[PDB]
Amino acid sequence: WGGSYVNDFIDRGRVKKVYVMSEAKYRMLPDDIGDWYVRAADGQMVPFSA
Amino acid sequence: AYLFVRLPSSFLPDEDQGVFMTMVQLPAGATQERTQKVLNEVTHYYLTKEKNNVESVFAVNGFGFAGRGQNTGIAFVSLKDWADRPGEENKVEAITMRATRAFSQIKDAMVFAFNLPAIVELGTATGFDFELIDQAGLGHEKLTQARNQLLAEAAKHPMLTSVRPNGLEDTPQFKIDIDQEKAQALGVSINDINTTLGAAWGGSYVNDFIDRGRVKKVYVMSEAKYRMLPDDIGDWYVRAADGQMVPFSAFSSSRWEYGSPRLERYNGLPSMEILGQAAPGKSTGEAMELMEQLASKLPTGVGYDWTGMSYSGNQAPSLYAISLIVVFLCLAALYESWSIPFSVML
Amino acid sequence: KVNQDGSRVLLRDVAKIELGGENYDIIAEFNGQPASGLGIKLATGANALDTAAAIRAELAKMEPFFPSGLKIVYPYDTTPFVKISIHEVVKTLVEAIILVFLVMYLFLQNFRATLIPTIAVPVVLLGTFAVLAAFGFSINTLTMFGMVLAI
Amino acid sequence: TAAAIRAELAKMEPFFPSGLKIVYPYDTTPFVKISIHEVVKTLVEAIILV
Amino acid sequence: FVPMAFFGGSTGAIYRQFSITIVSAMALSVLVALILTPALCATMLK
Amino acid sequence: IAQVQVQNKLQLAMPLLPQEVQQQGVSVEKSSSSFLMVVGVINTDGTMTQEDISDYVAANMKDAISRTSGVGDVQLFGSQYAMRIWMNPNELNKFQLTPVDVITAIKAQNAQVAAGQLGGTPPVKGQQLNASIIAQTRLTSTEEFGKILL
Amino acid sequence: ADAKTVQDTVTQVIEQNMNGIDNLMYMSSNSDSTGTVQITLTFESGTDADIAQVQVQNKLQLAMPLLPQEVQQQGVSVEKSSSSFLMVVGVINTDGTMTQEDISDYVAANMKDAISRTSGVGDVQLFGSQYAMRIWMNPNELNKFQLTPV
Ligand SMILES: CC(=O)NC[C@H]1CN(c2ccc(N3CCOCC3)c(F)c2)C(=O)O1
């Protein structure tokens, strides 16, 4: 939802940043919270709303 | 006017300081042993063929003024006091002359000697310091090619010049391709692989320890005999997830590449330095201006700039011009005539 | 590690452990004899000869505690050139004083008259030292040739 | 500072790609220049009128 | 001397000191030649 | 010196900042509540987006202009380029993957590793060869970031 | 580390983070395959060298957490430069013979630490190196016992 500064990469000689966030369409409304799942210890995905 | 114009210009006279030095440059990828050999030759040239002058030498292997590495070598030479060196042949100039002449003969590398340009190396004139900047997003190789083109066009039509690079020889390198897929298959962590490689071949700063009161460093690397040749890559094994050792050559892949050991940059941009001296006939500005139009014949993305050196005197015209005004005006403060200030002026 | 049979794996067993150099890149030879020294780089806007004299100062209180064999040597020094510069300049000053005394004598017969210019210019010289000091200057290779030339 | 901004920015124009063009909104220089101009002019006018 | 004393570039303290040293020496020599030298030229000369 | 007394007391607080901030931009500058020159850059012929122009200015101009003639604080209108990776929640979950796996994969697969050199610092005698070794090099193209193994 | 690595893992990070510094002529950088970068900022003549040191040394501070931790725990320095030495106090041995690796250490453990601090000495260059606990791993003895450098 807010992205994160991961690593640096070289672009045409100049070092620039590498950001990972998400497609906009999966983070515009509160109901989009449920779309995200998390891996648990038992290797099974978990609904965020849980 | 004639005796004034045909008078060559200088800044400050270079003179015998009783202490001079000489540098040694071996070819690409040379080893400590070889440059040590060359250093031996130089040192003992100064030790056997010049005893009436040389008091002591201080050769240093692995450290040059260009940079560091096994390629360079330096030699600080301290001569006997001015009294015990009577002749002009015993002055720094001649000594460095015959030294350079001998070194140029009996060496398979590049060795020069140089009288200390009194004060810091700043300013020489009758010569320049050119800088080739990569303005666009061209690679290092394109920049190198452009540099070759400039250094070729300059020496193509030298009213002459003498141009060379700064020391970027570009030596072959050993590329290792770690296949992530095979590694993830066999059960070896990329971290572990990398740190094993780096610690084994380049060493690593681990921790600190106390030695006789003074805190010093703790370095882990490897015995030399297990890291001198490429085939030694296979000697190193890595623990996998299943607790079984893995040959390095399994997940590895190797090939020889081409790269530079010294990457130069001028003002936040990739650049390569050209050192050249002006014409034996022309002057500084003439050479520079007749070099810029050469640099303006390079591919798009390659620009230029001047640094240290190329950044009598230019002030002398204006300074004497003010000396042309204050004089006439001071020839009035005690001498009122408008004739007296035309008397001494001649 | 401790193996299954209770056998211990000491670091001694897997690696040659020696008190070694932090960096094996550079090696210094003084007259062919293995050595190592201090290569002092000056600071921007430093006092030069003061700095060197004080280097000798700080280094002076180490000599008595050295172990057997540990001896000092001085290659590449700047001091004697400065000292001999001052010497060979002041010498020229004095030579000019005497040589102007003789011309003052081989023109003015009177021995009492040839003292005035001999007295005048040392005063003028000293005043210049006061001025340069009060202006922030120092005894320089230019501010000595300047004296000699101004004489 | 501004003149030197123009200085450092001057040696970039030849290497620009196609279309890349400069424009100058919000500048202070002409006001300074015209200040000097309209003041010196007044000085001269005062000289003649005196 | 003083006009060329207006130094520039890396040749600053060069021409600077090499001028102002002699200028100072000049003003001092003049004062001495207006104070000391005249008085000594008086007092005892012949 | 007023800049210093602050900038250096900041230094005594940096390790108490979140590492997210430490690897982000921390700045200490001389302030001026208003600009003077605003050099706008546009395009005419070869049409490039306002996201391209911002990058090019921030990759050929801003780096130098901010350094020249005591310029206080250059404000960039836009932003320099960056490898932008837009995660898809479904495609992540369908393959049973979390953002953490993506981040880890990047930080592991996109980096430069320091490897020593053939004919190392202390050599065996008679060694005739000295050459540096190159391990993993930082990724370059977008496609190269496309082929990251998750 | 190799030249390609250090040129864009230490060098460029410092360079890009090096801006907004009063009275600056130019910034020239050398990236050495020994894994050593040396950035030089030249200031206009007659400038306050003391504060000029600060404006750089403190803008470095805003780039340190963006350097590899291998470099952070290594030596980072900001000094006043002089392209040539003056005194070169060489130390040798006569009686109780000690190696050139011993002499270097002793000078770097009784002399250099003080001499570098005395009377505004710019930058002492040591010819050799201070001692260090050196551990030379054997690949076979490591593998035979099933052990990695880690
Ligand atoms: C190490 C250091 O920084 N020392 C500072 C100097 C500068 N200075 C001085 C004196 C007279 C002048 N003036 C006097 C009046 O104007 C002309 C020059 C001046 F500009 C400067 C002085 O006393 O010490």
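Values in this text are rule-based calculations from the coordinates and carry no lab data. No Cβ is skipped: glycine too gets one built from the backbone with ideal geometry, and neighbour counts run over all protein chains shown.
Within the stretch G:82-125, count every residue that is touching a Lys or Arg at 6+ places or on another chain (Cβ under 7 Å) and either more than 7 Å from every other protein chain (Cβ to nearest Cβ) or of a type in the set (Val, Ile, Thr) (or both).
Going through the stretch G:82-125 one residue at a time, the tally reaches 3.
How do the pairs read when you match residues in the stretch G:70-91 that are at negative phi with residues anywhere that are surrounded by fewer than 16 Cβ atoms within 10 Å (Cβ to Cβ) and of a type in the set (D, E, K, R), using Cβ under 7 Å and keeping only pairs 6 or more apart or on different chains?
G:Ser83/B:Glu121; G:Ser84/B:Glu121
Would you kindly identify the strands (runs of 3 or more DSSP E) lying entirely within the stretch B:203-305 that contain at least 1 residues that are farther than 16 Å from G:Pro139 by Cβ? Break it down stepwise before answering.
Values: elements: B:204-211, B:214-220, B:237-239, B:245-247, B:254-259, B:262-266, B:271-277.
Hits in the stretch B:203-305: B:204-211, B:214-220, B:254-259, B:262-266, B:271-277.
Of all residues in the stretch G:53-81, count the ones that are under 15 Å from F:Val28 (Cα atoms) and facing another protein chain (nearest Cβ under 10 Å).
Result for the stretch G:53-81: 9.
Here is a check on your reading of the model: is C:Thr44 within 16 Å of the ligand (Cβ to nearest atom), out of contact with any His (no Cβ under 6 Å at 6 or more places or on another chain), at the interface with chain G (Cβ under 7 Å from one of its Cβ atoms) and hydroxyl-bearing (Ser, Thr, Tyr)?
Numbers: within 16 Å of the ligand (Cβ to nearest atom): yes; out of contact with any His (no Cβ under 6 Å at 6 or more places or on another chain): yes; at the interface with chain G (Cβ under 7 Å from one of its Cβ atoms): yes; hydroxyl-bearing (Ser, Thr, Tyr): yes.
Taking the combined requirement at face value, the residue satisfies it.
Can you go through B:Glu141, B:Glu181 and tell me which one is closer than 30 Å to F:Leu150 by Cα and surrounded by fewer than 16 Cβ atoms within 10 Å (Cβ to Cβ)?
Exactly one residue qualifies, and that residue is B:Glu181.
Is at least one residue of the stretch F:18-37 within 14 Å of chain D (Cβ to nearest Cβ), closer than 30 Å to D:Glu13 by Cβ, out of contact with any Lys or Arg (no Cβ under 9 Å at 6 or more places or on another chain) and among the hydroxyl-bearing types (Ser, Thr, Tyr)?
Yes, some residue in the stretch F:18-37 is within 14 Å of chain D (Cβ to nearest Cβ), closer than 30 Å to D:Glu13 by Cβ, out of contact with any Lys or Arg (no Cβ under 9 Å at 6 or more places or on another chain) and among the hydroxyl-bearing types (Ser, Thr, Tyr).
Give the residue that is nearest to the other protein chains (Cβ to nearest Cβ), with candidates limited to residues of the stretch G:1-21 that are surrounded by fewer than 23 Cβ atoms within 10 Å (Cβ to Cβ) and not in a helix (DSSP H, G or I).
If we take residues in the stretch G:1-21 being surrounded by fewer than 23 Cβ atoms within 10 Å (Cβ to Cβ) and not in a helix (DSSP H, G or I), then G:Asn19 is nearest to the other protein chains (Cβ to nearest Cβ).
Go through the stretch E:15-45 and report how many residues are within 7 Å of chain C (Cβ to nearest Cβ), farther than 13 Å from C:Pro117 by Cα and among the polar types (S, T, N, Q).
Residues meeting the conditions: 3.
Of all residues in the stretch F:46-70, which are under 19 Å from A:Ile10 (Cβ atoms) and touching a helix residue (DSSP H, G or I) at 6+ places or on another chain (Cβ under 7 Å)?
F:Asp63 - this is the single residue of the stretch F:46-70 that is under 19 Å from A:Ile10 (Cβ atoms) and touching a helix residue (DSSP H, G or I) at 6+ places or on another chain (Cβ under 7 Å).
Could you please tell me which pairs satisfy a Cβ distance under 8 Å, a separation of 6+ or placement on different chains, a first residue in the stretch C:116-142 that is more than 14 Å from E:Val23 (Cβ to Cβ), and a second residue that is small (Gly, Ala, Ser)?
Cβ pairs passing all conditions: C:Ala120/E:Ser29; C:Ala120/E:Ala33; C:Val121/E:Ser29; C:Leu125/E:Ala25; C:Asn140/E:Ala13; C:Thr141/C:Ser85.
Return a yes/no flag: does the stretch C:109-118 have any residue that is of a type in the set (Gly, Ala, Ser), surrounded by fewer than 18 Cβ atoms within 10 Å (Cβ to Cβ) and more than 14 Å from chain G (Cβ to nearest Cβ).
Yes; the residues of the stretch C:109-118 include at least one that is of a type in the set (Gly, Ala, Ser), surrounded by fewer than 18 Cβ atoms within 10 Å (Cβ to Cβ) and more than 14 Å from chain G (Cβ to nearest Cβ).
Show me the helices (runs of 4 or more DSSP H) entirely contained within chain E in which 2 or more residues are within 19 Å of C:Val148 (Cα to Cα) and of a type in the set (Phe, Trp, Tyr).
Where helices (runs of 4 or more DSSP H) fall fully within chain E and carry at least 2 residues being within 19 Å of C:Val148 (Cα to Cα) and of a type in the set (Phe, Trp, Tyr), they are E:12-32.
Does the stretch B:307-346 hold any residues that are away from chain E (no Cβ under 14 Å), hydrophobic (A, V, I, L, M, F, W, C) and outside any loop (DSSP other than H, G, I, E, B), and which are they?
Pass one, the stretch B:307-346, residues away from chain E (no Cβ under 14 Å): B:332, B:335-346.
So of that shortlist, the ones also hydrophobic (A, V, I, L, M, F, W, C) come out as B:332, B:338, B:340, B:342, B:344-346.
Passing the criteria: B:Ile340, B:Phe342.
For the stretch F:97-121, give me the residue count where each residue is surrounded by fewer than 17 Cβ atoms within 10 Å (Cβ to Cβ) and within 7 Å of chain B (Cβ to nearest Cβ).
0
Considering every residue within the stretch F:46-53, establish whether at least one is of a type in the set (A, V, I, L, M) and in a loop (DSSP other than H, G, I, E, B). Walk me through it before giving the result.
As a first pass, look at the stretch F:46-53 and keep what is of a type in the set (A, V, I, L, M): F:48, F:53.
Narrowing the set further to residues that are in a loop (DSSP other than H, G, I, E, B) leaves F:48.
Yes - at least one qualifying residue is present in the stretch F:46-53.
With respect to the numbered conditions (1) crowded, with 18+ Cβ neighbours inside 10 Å; (2) among the basic types (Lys, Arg); (3) more than 30 Å from F:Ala135 (Cα to Cα), which one is the sole condition not fulfilled by B:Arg164?
Just one mismatch for B:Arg164, condition (1).
Which is touching a helix residue (DSSP H, G or I) at 6+ places or on another chain (Cβ under 8 Å) and facing another protein chain (nearest Cβ under 7 Å), of B:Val188, B:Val220?
None of the others qualify; the one that does is B:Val220.
Return the residues of the stretch B:164-190 that are closer than 23 Å to G:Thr5 by Cα and under 27 Å from the mean Cα position of the chain (by Cα); say none if nothing qualifies.
B:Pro165, B:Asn166, B:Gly167, B:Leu168, B:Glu169, B:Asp170, B:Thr171, B:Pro172, B:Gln173, B:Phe174, B:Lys175
Yes or no: A:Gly3 within 14 Å of chain B (Cβ to nearest Cβ), in contact with a strand residue (DSSP E or B) (Cβ under 8 Å, 6 or more places away or on another chain) and not acidic (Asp, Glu)?
No; evaluated as a whole, the condition is false for this residue.
Determine which single condition B:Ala66 fails, assuming it passes every other condition in (1) among the small types (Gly, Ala, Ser); (2) more than 7 Å from every other protein chain (Cβ to nearest Cβ); (3) closer than 16 Å to F:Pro123 by Cα.
(3)
Considering only residues that are charged (D, E, K, R) and in a helix (DSSP H, G or I), which ones fall in the stretch C:20-59?
Residues satisfying the conditions are C:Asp50, C:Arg56, C:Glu58.
Please tell me if C:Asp13 is farther than 30 Å from G:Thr97 by Cβ and at the interface with another protein chain (Cβ under 7 Å from one of its Cβ atoms).
Yes.
Name the residue that is surrounded by the fewest Cβ atoms within 10 Å (Cβ to Cβ), counting only residues in the stretch G:24-44 that are within 23 Å of F:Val71 (Cα to Cα) and either basic (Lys, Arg) or at the interface with another protein chain (Cβ under 7 Å from one of its Cβ atoms) (or both).
G:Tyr26
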